[PDB]
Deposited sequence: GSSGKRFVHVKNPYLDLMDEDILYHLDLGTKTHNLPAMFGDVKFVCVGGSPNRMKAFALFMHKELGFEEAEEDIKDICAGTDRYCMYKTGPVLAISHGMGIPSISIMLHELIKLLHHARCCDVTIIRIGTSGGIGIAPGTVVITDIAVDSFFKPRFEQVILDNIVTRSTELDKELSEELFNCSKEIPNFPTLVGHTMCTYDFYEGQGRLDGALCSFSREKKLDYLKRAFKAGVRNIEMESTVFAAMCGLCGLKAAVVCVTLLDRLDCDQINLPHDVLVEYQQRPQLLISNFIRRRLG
């Protein structure tokens, strides 16, 4: 069963999920979500809707459950729940708080949660799929520094090991699907935080930025995105078995911009869902 790490929550008469337009009094959560086994999360609402429709076809069998809010979108096809999370640590963390609670109230059990996304690559070919083993912060440390009241509390960021191995095993059967298990760096800023030179702000040199990206590579970093540390930390704290599966759209050692025919970009963006469908069909098999 999905647990929370909050001694007060179940002492409450009612729980309202403020950003999902759901609640324990207004909705029958167990009835609505009791059968969920696979939770897939990603930044882009359109991606996540397209993912749900894709899974619907793949499983051989769909409306936004959060149609009443504009914060996040949520789609359900069978035991698969797909949810958008917007961009950045705070945005995914709001969603995770409310989703983990939803799973808890619905009394879901034997659940797997997977983030699917895009990322920038370091020293790997554009379009390589990275299955994160450990998410690291901007200083390449395997940790999430959580601010709780006015206090920094450090949390571990390891994804589920057996799960990452299982996804990697699934990837091997897929043709023209470059895949690796490796560290993912998660940043608070897309621009200076990732050593881009095209922000409204850039206070460092080309030399510093290329030195940073190489030191990241030496430290084990293979891709870079904006949600993996909080995602891994929150799931771990609550005992949820979690994975991150991101496709890289470019190699940052060689390139700041995506230079791809639209058609190749679309294929790449679809790579994580391809792997996740394989995984899910294997589990249900």
query	finding
Stretches of the record's deposited sequence for which the structure holds no C-alpha atoms	1-6, 68-73
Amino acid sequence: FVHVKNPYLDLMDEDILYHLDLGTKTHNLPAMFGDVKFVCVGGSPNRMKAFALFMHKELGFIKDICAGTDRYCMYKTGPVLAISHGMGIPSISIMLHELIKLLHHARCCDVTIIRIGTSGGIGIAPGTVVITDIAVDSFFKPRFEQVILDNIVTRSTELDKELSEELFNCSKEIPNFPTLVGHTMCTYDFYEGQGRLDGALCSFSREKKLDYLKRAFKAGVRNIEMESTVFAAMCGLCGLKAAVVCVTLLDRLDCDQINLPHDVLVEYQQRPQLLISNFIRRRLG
From here on, numbers count along this sequence of modelled residues.
{"query": "Which of 260-268 and 17-25 has higher mean CA B factor, as the PDB entry lists it", "finding": "260-268"}
{"query": "Per the entry, higher mean C-alpha B factor between 41-49 and 226-234", "finding": "41-49"}
{"query": "Residue with maximal Cα B-factor (values as given in the PDB entry) among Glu98, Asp133, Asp110, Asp137", "finding": "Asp110"}
{"query": "Largest Cα B-factor, entry values, listed residues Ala219, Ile62, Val247, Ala243", "finding": "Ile62"}
{"query": "CA B-factor placement of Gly182, once the chain's modelled residues are sorted into thirds", "finding": "lowest"}
{"query": "CA B-factor placement of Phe1, once the chain's modelled residues are sorted into thirds", "finding": "highest"}
{"query": "CA B-factor ranking of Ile122, expressed as a third of its chain", "finding": "lowest"}
{"query": "Relative C-alpha B-factor of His104, binned into the chain's lowest, middle or highest third", "finding": "middle"}
{"query": "Cα B factor band for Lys208 (lowest, middle or highest third within the chain)", "finding": "highest"}
